[PDB]
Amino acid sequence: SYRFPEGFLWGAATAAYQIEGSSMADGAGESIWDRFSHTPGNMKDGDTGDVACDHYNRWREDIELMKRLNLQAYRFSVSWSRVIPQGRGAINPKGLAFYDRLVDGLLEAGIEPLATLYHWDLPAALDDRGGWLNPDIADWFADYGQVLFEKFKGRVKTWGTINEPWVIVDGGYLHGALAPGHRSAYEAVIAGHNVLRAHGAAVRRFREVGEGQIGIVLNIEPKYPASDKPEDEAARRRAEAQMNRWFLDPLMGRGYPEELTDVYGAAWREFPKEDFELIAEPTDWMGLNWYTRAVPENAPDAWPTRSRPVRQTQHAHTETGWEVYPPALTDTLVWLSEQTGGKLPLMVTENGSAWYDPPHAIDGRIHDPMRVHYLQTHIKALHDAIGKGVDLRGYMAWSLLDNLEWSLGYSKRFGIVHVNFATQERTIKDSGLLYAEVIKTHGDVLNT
(Lines of atoms letter the chains of each structure in order from A and count residues from 1; the text may use other names and numbers.)
(Lines give C-alpha, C1' and ligand atoms only; values in the text may rest on other atoms or scores of the structure.)
Protein backbone atom coordinates (compact mmCIF):
# COMPACT_ATOMS: atom_id res chain seq x y z
CA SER A 1 0.00 0.00 0.00
CA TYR A 2 1.24 3.47 -0.97
CA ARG A 3 -1.63 5.58 0.32
CA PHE A 4 -0.38 8.86 1.78
CA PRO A 5 -1.40 10.49 5.10
CA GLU A 6 -4.52 12.62 5.50
CA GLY A 7 -3.98 16.15 4.22
CA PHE A 8 -0.84 15.35 2.25
CA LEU A 9 -0.63 18.16 -0.31
CA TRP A 10 0.12 17.39 -3.97
CA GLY A 11 1.29 20.10 -6.35
CA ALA A 12 3.72 21.29 -9.00
CA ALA A 13 6.29 24.08 -9.05
CA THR A 14 7.62 26.84 -11.31
CA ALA A 15 9.81 29.95 -11.08
CA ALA A 16 9.02 33.43 -12.43
CA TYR A 17 11.91 33.99 -14.85
CA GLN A 18 11.72 30.42 -16.13
CA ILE A 19 8.11 30.63 -17.36
CA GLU A 20 6.68 34.16 -17.41
CA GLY A 21 8.33 36.03 -20.25
CA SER A 22 7.13 39.63 -20.68
CA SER A 23 10.34 40.85 -19.05
CA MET A 24 9.72 44.53 -19.84
CA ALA A 25 5.94 44.44 -20.06
CA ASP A 26 3.68 46.83 -18.13
CA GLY A 27 6.40 48.64 -16.20
CA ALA A 28 8.25 45.52 -15.07
CA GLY A 29 11.79 46.33 -13.95
CA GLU A 30 15.13 44.93 -15.11
CA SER A 31 16.58 41.95 -13.22
CA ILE A 32 20.08 40.47 -13.07
CA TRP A 33 18.87 37.66 -15.35
CA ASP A 34 17.62 40.15 -17.94
CA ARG A 35 21.20 41.42 -18.11
CA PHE A 36 22.95 38.06 -17.69
CA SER A 37 20.92 36.29 -20.38
CA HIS A 38 21.54 39.07 -22.91
CA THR A 39 25.30 38.90 -22.51
CA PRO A 40 26.87 36.71 -25.23
CA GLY A 41 28.39 33.43 -24.06
CA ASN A 42 26.35 33.15 -20.87
CA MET A 43 23.37 31.14 -22.13
CA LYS A 44 23.23 27.92 -24.15
CA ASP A 45 22.20 28.71 -27.75
CA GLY A 46 21.71 32.34 -26.69
CA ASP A 47 18.38 31.46 -25.05
CA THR A 48 16.67 34.07 -22.85
CA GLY A 49 13.54 34.25 -20.72
CA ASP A 50 12.17 37.06 -22.91
CA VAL A 51 9.29 34.83 -23.98
CA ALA A 52 9.76 31.51 -22.15
CA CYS A 53 6.37 29.87 -21.66
CA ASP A 54 4.56 33.20 -22.16
CA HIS A 55 2.91 32.43 -18.80
CA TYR A 56 2.33 36.12 -18.00
CA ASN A 57 -0.17 36.04 -20.88
CA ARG A 58 -1.34 32.42 -20.76
CA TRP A 59 -1.74 31.89 -17.00
CA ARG A 60 -5.48 31.24 -17.35
CA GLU A 61 -4.77 28.39 -19.75
CA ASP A 62 -2.10 27.15 -17.35
CA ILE A 63 -4.53 27.11 -14.41
CA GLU A 64 -6.85 24.94 -16.52
CA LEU A 65 -3.96 22.53 -17.04
CA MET A 66 -3.40 22.38 -13.27
CA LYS A 67 -7.03 21.35 -12.78
CA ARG A 68 -6.67 18.63 -15.42
CA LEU A 69 -3.66 17.42 -13.41
CA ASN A 70 -5.79 17.51 -10.24
CA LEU A 71 -3.21 19.75 -8.54
CA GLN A 72 -4.09 20.67 -4.96
CA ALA A 73 -1.31 23.24 -4.77
CA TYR A 74 0.71 25.39 -7.15
CA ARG A 75 4.16 26.55 -6.07
CA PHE A 76 5.45 29.65 -7.81
CA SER A 77 7.77 32.58 -7.28
CA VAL A 78 7.10 36.30 -7.46
CA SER A 79 9.40 38.42 -9.60
CA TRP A 80 10.84 41.07 -7.29
CA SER A 81 11.56 43.44 -10.18
CA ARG A 82 8.08 42.95 -11.68
CA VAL A 83 6.47 44.15 -8.44
CA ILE A 84 9.10 46.68 -7.34
CA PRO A 85 11.03 47.69 -10.51
CA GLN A 86 13.88 49.44 -8.68
CA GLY A 87 13.89 46.87 -5.88
CA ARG A 88 13.07 49.61 -3.38
CA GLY A 89 10.49 52.38 -3.49
CA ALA A 90 7.68 52.59 -6.02
CA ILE A 91 5.36 49.65 -6.65
CA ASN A 92 4.36 48.51 -10.14
CA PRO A 93 0.56 48.09 -9.77
CA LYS A 94 0.04 46.25 -13.06
CA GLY A 95 2.92 43.93 -12.23
CA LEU A 96 1.50 43.25 -8.77
CA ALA A 97 -1.96 42.88 -10.34
CA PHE A 98 -0.76 39.84 -12.33
CA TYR A 99 -0.03 37.90 -9.15
CA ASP A 100 -3.26 39.29 -7.68
CA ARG A 101 -5.28 37.72 -10.51
CA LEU A 102 -3.17 34.56 -10.50
CA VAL A 103 -3.71 33.88 -6.79
CA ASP A 104 -7.46 34.55 -6.98
CA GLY A 105 -7.70 32.31 -10.04
CA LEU A 106 -5.96 29.53 -8.10
CA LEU A 107 -8.21 29.99 -5.07
CA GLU A 108 -11.33 29.87 -7.25
CA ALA A 109 -10.00 26.61 -8.72
CA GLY A 110 -9.50 25.19 -5.23
CA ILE A 111 -5.72 25.22 -5.58
CA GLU A 112 -3.52 26.31 -2.68
CA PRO A 113 -1.06 29.02 -3.76
CA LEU A 114 2.44 28.49 -2.37
CA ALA A 115 4.51 31.60 -3.03
CA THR A 116 8.28 32.00 -3.00
CA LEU A 117 9.68 35.51 -2.48
CA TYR A 118 13.05 34.98 -4.14
CA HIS A 119 13.80 32.56 -6.96
CA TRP A 120 17.09 34.03 -8.18
CA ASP A 121 15.82 37.12 -10.02
CA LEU A 122 17.29 40.02 -8.03
CA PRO A 123 16.42 43.52 -9.31
CA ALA A 124 19.34 44.94 -11.32
CA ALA A 125 18.99 48.26 -9.49
CA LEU A 126 19.87 46.48 -6.24
CA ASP A 127 22.73 44.59 -7.87
CA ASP A 128 24.08 48.03 -8.77
CA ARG A 129 24.12 48.74 -5.03
CA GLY A 130 26.06 45.55 -4.34
CA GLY A 131 23.29 42.96 -4.45
CA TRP A 132 23.77 40.13 -1.98
CA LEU A 133 27.12 41.66 -0.98
CA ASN A 134 25.37 44.69 0.54
CA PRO A 135 24.30 43.91 4.12
CA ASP A 136 21.39 46.34 3.67
CA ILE A 137 19.73 43.79 1.36
CA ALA A 138 18.36 42.07 4.47
CA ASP A 139 16.24 45.17 5.04
CA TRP A 140 15.36 45.60 1.35
CA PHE A 141 14.22 41.98 1.25
CA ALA A 142 12.09 42.21 4.39
CA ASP A 143 10.38 45.33 3.02
CA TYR A 144 9.67 43.52 -0.26
CA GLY A 145 8.39 40.54 1.70
CA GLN A 146 6.08 42.77 3.75
CA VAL A 147 4.39 44.05 0.59
CA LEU A 148 3.42 40.52 -0.46
CA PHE A 149 2.71 39.37 3.11
CA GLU A 150 0.05 42.05 3.54
CA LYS A 151 -1.27 42.20 -0.03
CA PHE A 152 -1.93 38.46 -0.01
CA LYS A 153 -2.78 38.03 3.67
CA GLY A 154 -5.38 35.30 4.06
CA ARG A 155 -4.82 34.13 0.48
CA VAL A 156 -1.24 32.91 0.47
CA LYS A 157 -0.85 31.12 3.80
CA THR A 158 2.33 29.12 3.16
CA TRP A 159 5.44 31.13 2.33
CA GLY A 160 8.98 30.40 1.23
CA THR A 161 11.65 33.07 1.64
CA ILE A 162 14.72 32.02 -0.33
CA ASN A 163 14.81 29.24 -2.92
CA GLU A 164 18.13 27.37 -2.71
CA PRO A 165 20.71 29.74 -1.20
CA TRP A 166 23.49 27.35 -2.29
CA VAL A 167 22.69 27.60 -5.99
CA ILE A 168 22.21 31.37 -5.70
CA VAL A 169 25.67 31.73 -4.18
CA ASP A 170 27.67 28.81 -5.60
CA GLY A 171 26.42 29.56 -9.11
CA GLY A 172 26.12 33.33 -8.90
CA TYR A 173 29.08 34.42 -6.80
CA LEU A 174 31.51 31.51 -6.41
CA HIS A 175 31.74 30.06 -9.94
CA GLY A 176 29.83 32.58 -12.07
CA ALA A 177 27.74 30.15 -14.12
CA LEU A 178 24.57 31.97 -13.06
CA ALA A 179 23.54 35.61 -12.61
CA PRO A 180 25.07 37.93 -11.58
CA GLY A 181 28.05 35.94 -12.91
CA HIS A 182 30.71 36.70 -10.30
CA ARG A 183 33.61 34.37 -9.56
CA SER A 184 35.07 34.92 -6.10
CA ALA A 185 35.32 32.99 -2.84
CA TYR A 186 35.47 36.30 -0.96
CA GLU A 187 32.14 37.36 -2.44
CA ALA A 188 30.65 33.88 -2.05
CA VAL A 189 31.26 33.90 1.71
CA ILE A 190 29.70 37.35 2.09
CA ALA A 191 26.78 36.63 -0.25
CA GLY A 192 25.99 33.43 1.62
CA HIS A 193 25.89 35.28 4.93
CA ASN A 194 23.61 38.04 3.62
CA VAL A 195 21.23 35.57 1.98
CA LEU A 196 20.83 33.96 5.40
CA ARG A 197 20.39 37.36 7.10
CA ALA A 198 17.79 38.32 4.50
CA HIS A 199 15.82 35.14 5.16
CA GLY A 200 15.95 35.84 8.88
CA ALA A 201 14.84 39.45 8.46
CA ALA A 202 11.93 38.33 6.27
CA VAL A 203 10.75 35.91 8.95
CA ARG A 204 10.88 38.61 11.66
CA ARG A 205 8.86 40.92 9.42
CA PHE A 206 6.42 38.05 8.84
CA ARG A 207 5.81 37.72 12.58
CA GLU A 208 5.01 41.44 12.64
CA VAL A 209 2.74 41.73 9.60
CA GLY A 210 2.12 38.26 8.19
CA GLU A 211 -0.40 35.44 8.51
CA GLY A 212 0.32 31.75 7.99
CA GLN A 213 3.53 29.73 7.81
CA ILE A 214 6.96 30.77 6.57
CA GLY A 215 10.17 28.88 5.86
CA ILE A 216 13.27 28.61 3.69
CA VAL A 217 13.81 26.19 0.80
CA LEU A 218 17.03 24.20 0.68
CA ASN A 219 18.47 21.91 -1.94
CA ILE A 220 20.36 18.98 -0.46
CA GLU A 221 22.60 16.62 -2.41
CA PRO A 222 23.63 13.77 -0.08
CA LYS A 223 27.30 12.82 -0.34
CA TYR A 224 28.12 9.10 -0.30
CA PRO A 225 31.54 7.47 0.29
CA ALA A 226 33.71 6.73 -2.75
CA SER A 227 36.14 4.42 -0.94
CA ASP A 228 37.71 3.57 2.42
CA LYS A 229 40.52 6.07 1.82
CA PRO A 230 40.68 8.76 4.54
CA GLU A 231 41.49 11.31 1.83
CA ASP A 232 38.13 10.60 0.20
CA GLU A 233 36.20 10.82 3.45
CA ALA A 234 37.83 14.19 4.10
CA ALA A 235 36.84 15.20 0.56
CA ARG A 236 33.30 13.97 1.18
CA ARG A 237 33.06 16.09 4.32
CA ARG A 238 34.30 19.17 2.47
CA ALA A 239 31.75 18.70 -0.32
CA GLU A 240 29.02 18.02 2.23
CA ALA A 241 29.88 21.04 4.38
CA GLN A 242 30.03 23.46 1.45
CA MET A 243 26.80 22.27 -0.17
CA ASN A 244 24.52 20.74 2.45
CA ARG A 245 25.52 22.20 5.82
CA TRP A 246 26.66 25.71 4.88
CA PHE A 247 23.16 27.09 5.28
CA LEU A 248 21.32 24.44 7.31
CA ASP A 249 23.73 24.60 10.27
CA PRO A 250 23.46 28.33 11.01
CA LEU A 251 19.72 28.08 10.29
CA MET A 252 19.59 25.58 13.16
CA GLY A 253 21.57 27.95 15.38
CA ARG A 254 24.71 25.82 15.26
CA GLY A 255 26.90 28.36 13.46
CA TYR A 256 28.79 27.64 10.23
CA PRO A 257 30.34 24.20 9.55
CA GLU A 258 33.95 23.98 10.75
CA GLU A 259 35.12 22.81 7.31
CA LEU A 260 34.44 26.15 5.62
CA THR A 261 37.55 27.61 7.26
CA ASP A 262 39.45 24.99 5.26
CA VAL A 263 37.37 25.21 2.07
CA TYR A 264 37.35 29.00 1.70
CA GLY A 265 40.64 29.65 3.50
CA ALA A 266 41.71 33.30 3.50
CA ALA A 267 38.31 34.21 2.06
CA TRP A 268 36.60 32.97 5.21
CA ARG A 269 35.31 35.46 7.75
CA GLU A 270 33.86 35.65 11.22
CA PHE A 271 30.62 37.61 11.63
CA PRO A 272 29.03 39.43 14.60
CA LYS A 273 26.89 37.41 17.03
CA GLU A 274 23.73 39.41 16.30
CA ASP A 275 23.84 38.15 12.71
CA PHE A 276 23.60 34.54 13.84
CA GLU A 277 20.76 35.44 16.20
CA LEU A 278 18.98 36.92 13.17
CA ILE A 279 19.73 34.02 10.81
CA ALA A 280 18.28 31.47 13.24
CA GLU A 281 14.88 33.17 13.59
CA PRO A 282 12.47 30.20 14.07
CA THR A 283 10.49 29.01 11.03
CA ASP A 284 7.21 27.10 10.63
CA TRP A 285 8.24 24.69 7.87
CA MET A 286 11.12 23.94 5.52
CA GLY A 287 11.16 23.05 1.84
CA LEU A 288 13.42 20.38 0.39
CA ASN A 289 14.49 20.56 -3.24
CA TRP A 290 15.91 17.16 -4.16
CA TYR A 291 17.04 15.51 -7.39
CA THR A 292 20.04 13.25 -6.87
CA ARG A 293 23.07 12.25 -4.80
CA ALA A 294 26.82 12.46 -5.34
CA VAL A 295 29.83 10.28 -4.61
CA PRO A 296 32.74 12.68 -4.00
CA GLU A 297 36.40 11.68 -4.06
CA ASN A 298 39.53 13.72 -3.35
CA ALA A 299 40.34 16.20 -6.12
CA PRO A 300 43.34 18.41 -5.17
CA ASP A 301 42.99 20.77 -8.15
CA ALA A 302 39.22 21.21 -7.81
CA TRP A 303 38.46 24.65 -6.39
CA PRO A 304 37.40 25.31 -3.71
CA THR A 305 36.18 22.04 -2.09
CA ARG A 306 39.02 19.90 -3.48
CA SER A 307 36.47 17.23 -4.39
CA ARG A 308 34.81 15.70 -7.46
CA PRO A 309 31.87 13.31 -7.95
CA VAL A 310 32.52 9.72 -9.10
CA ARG A 311 30.31 8.68 -12.02
CA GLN A 312 27.89 5.94 -10.95
CA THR A 313 27.67 4.08 -14.26
CA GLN A 314 25.48 1.35 -12.72
CA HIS A 315 22.47 3.69 -12.70
CA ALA A 316 20.49 5.78 -15.16
CA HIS A 317 21.36 9.45 -15.55
CA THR A 318 19.12 12.33 -16.61
CA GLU A 319 19.91 14.80 -19.38
CA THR A 320 21.44 17.17 -16.81
CA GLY A 321 23.82 14.36 -15.88
CA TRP A 322 22.26 13.56 -12.50
CA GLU A 323 22.27 10.01 -11.13
CA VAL A 324 18.86 8.40 -10.69
CA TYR A 325 18.87 6.88 -7.21
CA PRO A 326 15.58 7.21 -5.25
CA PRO A 327 16.78 5.54 -2.02
CA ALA A 328 18.92 8.62 -1.34
CA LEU A 329 15.76 10.75 -1.22
CA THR A 330 14.50 8.65 1.68
CA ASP A 331 17.90 8.90 3.39
CA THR A 332 17.99 12.67 2.94
CA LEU A 333 14.47 13.12 4.33
CA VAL A 334 15.40 11.03 7.38
CA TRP A 335 18.62 13.03 7.81
CA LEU A 336 16.82 16.38 7.55
CA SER A 337 14.18 15.20 10.02
CA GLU A 338 16.97 14.44 12.49
CA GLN A 339 18.66 17.80 11.82
CA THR A 340 15.37 19.53 12.68
CA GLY A 341 14.53 17.33 15.67
CA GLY A 342 11.52 15.89 13.87
CA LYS A 343 9.62 18.98 14.95
CA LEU A 344 9.84 21.00 11.74
CA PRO A 345 7.14 20.23 9.14
CA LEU A 346 8.80 19.30 5.85
CA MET A 347 7.68 19.60 2.25
CA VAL A 348 9.42 18.38 -0.90
CA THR A 349 9.11 21.66 -2.74
CA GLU A 350 10.90 20.37 -5.83
CA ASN A 351 11.57 16.96 -7.36
CA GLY A 352 11.65 15.83 -10.97
CA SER A 353 13.88 14.89 -13.87
CA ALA A 354 14.96 16.08 -17.31
CA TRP A 355 14.87 13.83 -20.37
CA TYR A 356 14.76 14.51 -24.09
CA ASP A 357 11.34 15.25 -25.53
CA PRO A 358 10.55 16.25 -29.13
CA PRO A 359 9.95 20.00 -29.68
CA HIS A 360 6.35 19.26 -30.70
CA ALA A 361 3.66 16.83 -29.63
CA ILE A 362 3.30 13.61 -31.61
CA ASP A 363 -0.29 12.43 -32.11
CA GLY A 364 -1.18 14.93 -29.38
CA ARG A 365 1.01 12.98 -26.96
CA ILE A 366 4.45 13.07 -25.35
CA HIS A 367 5.74 9.69 -24.20
CA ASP A 368 8.36 10.16 -21.48
CA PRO A 369 8.76 6.71 -19.83
CA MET A 370 11.98 7.59 -17.97
CA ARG A 371 10.39 10.68 -16.44
CA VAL A 372 7.44 8.43 -15.63
CA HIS A 373 9.78 5.94 -13.96
CA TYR A 374 11.65 8.64 -12.03
CA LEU A 375 8.37 10.07 -10.76
CA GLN A 376 6.86 6.85 -9.45
CA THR A 377 10.04 5.52 -7.81
CA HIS A 378 10.74 8.80 -6.02
CA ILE A 379 7.17 9.23 -4.82
CA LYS A 380 7.51 5.71 -3.43
CA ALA A 381 10.68 6.89 -1.67
CA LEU A 382 8.63 9.64 -0.02
CA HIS A 383 6.31 6.98 1.34
CA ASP A 384 9.28 5.09 2.79
CA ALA A 385 10.45 8.27 4.55
CA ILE A 386 7.01 8.92 6.04
CA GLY A 387 6.99 5.33 7.27
CA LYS A 388 10.29 6.02 9.03
CA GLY A 389 8.67 8.88 10.92
CA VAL A 390 9.48 11.93 8.80
CA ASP A 391 6.90 14.69 9.22
CA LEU A 392 6.47 15.27 5.51
CA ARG A 393 3.38 17.25 4.48
CA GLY A 394 3.62 17.52 0.69
CA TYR A 395 5.22 17.02 -2.72
CA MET A 396 5.68 19.53 -5.54
CA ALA A 397 6.75 18.12 -8.90
CA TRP A 398 9.34 20.19 -10.75
CA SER A 399 8.16 21.36 -13.05
CA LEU A 400 4.60 22.08 -14.17
CA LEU A 401 5.93 23.20 -17.55
CA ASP A 402 8.98 22.74 -19.75
CA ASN A 403 10.79 26.02 -19.24
CA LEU A 404 14.03 27.99 -19.33
CA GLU A 405 16.51 25.88 -17.39
CA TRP A 406 18.57 29.00 -16.60
CA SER A 407 22.03 28.87 -18.23
CA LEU A 408 21.21 25.56 -19.95
CA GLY A 409 18.35 27.25 -21.78
CA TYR A 410 15.35 25.41 -23.18
CA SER A 411 17.43 22.33 -23.99
CA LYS A 412 16.56 20.71 -20.64
CA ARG A 413 12.89 19.79 -20.21
CA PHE A 414 11.66 19.21 -16.65
CA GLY A 415 7.95 19.63 -17.29
CA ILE A 416 5.19 17.12 -16.70
CA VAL A 417 3.40 19.26 -19.27
CA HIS A 418 5.15 19.69 -22.62
CA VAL A 419 5.58 23.19 -24.01
CA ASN A 420 6.10 23.75 -27.74
CA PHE A 421 8.23 26.89 -27.63
CA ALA A 422 7.45 27.61 -31.29
CA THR A 423 3.66 27.70 -30.87
CA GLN A 424 3.30 27.85 -27.05
CA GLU A 425 1.02 24.82 -27.34
CA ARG A 426 0.84 22.79 -24.14
CA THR A 427 0.65 19.00 -24.10
CA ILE A 428 0.35 16.90 -20.97
CA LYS A 429 3.11 14.29 -20.92
CA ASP A 430 2.64 10.68 -19.85
CA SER A 431 4.40 11.69 -16.63
CA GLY A 432 1.71 14.30 -16.02
CA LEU A 433 -0.99 11.73 -16.77
CA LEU A 434 0.38 9.38 -14.13
CA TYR A 435 0.85 12.21 -11.62
CA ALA A 436 -2.78 13.30 -12.01
CA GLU A 437 -3.72 9.71 -11.17
CA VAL A 438 -1.37 9.59 -8.17
CA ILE A 439 -3.21 12.60 -6.78
CA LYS A 440 -6.69 11.23 -7.51
CA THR A 441 -5.80 7.97 -5.78
CA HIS A 442 -3.65 9.63 -3.08
CA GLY A 443 -0.87 7.17 -3.91
CA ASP A 444 -3.02 4.06 -4.46
CA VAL A 445 -2.13 3.84 -8.16
CA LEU A 446 1.51 3.10 -7.25
CA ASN A 447 0.39 -0.41 -6.31
CA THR A 448 0.12 -1.10 -10.04
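Start at 1 and count along the sequence shown; that's the residue number.
Which is higher on average in the deposited entry, the C-alpha temperature factors of 392-400 or of 23-31?
-> Comparing 392-400 with 23-31, the higher average CA B-factor belongs to 23-31.
Of 284-292 and 269-277, which one has the bigger average CA B-factor?
-> Comparing 269-277 with 284-292, the higher average CA B-factor belongs to 269-277.
Top Cα B factor in the deposited entry, candidates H199, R183, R371, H378 = Highest C-alpha B-factor among the listed options: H378.
Taking the values straight from the PDB record, which of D104, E323, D170, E350 has the highest C-alpha temperature factor?
-> So the option with the highest C-alpha B-factor is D104.
Comparing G253 with the other modelled residues of its chain, is its CA B-factor in the lowest, middle or highest third?
-> CA B-factor rank for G253: middle third.
Could you tell me which third, lowest, middle or highest, the C-alpha B-factor of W246 occupies within its chain?
-> Answer is lowest: the recorded C-alpha B-factor places it there.
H193 - which third its CA temperature factor falls in, relative to the rest of the chain = For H193, whose C-alpha B-factor we compare with every modelled residue in the chain, the answer is the lowest third.
Lowest, middle or highest third: where is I362 by C-alpha B factor in its chain?
-> It falls in the top third of the chain.
Against its chain's modelled residues, does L408's Cα B factor rank lowest, middle or highest third?
-> Within its chain, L408 is a middle-third residue by C-alpha B-factor, going by the deposited values.
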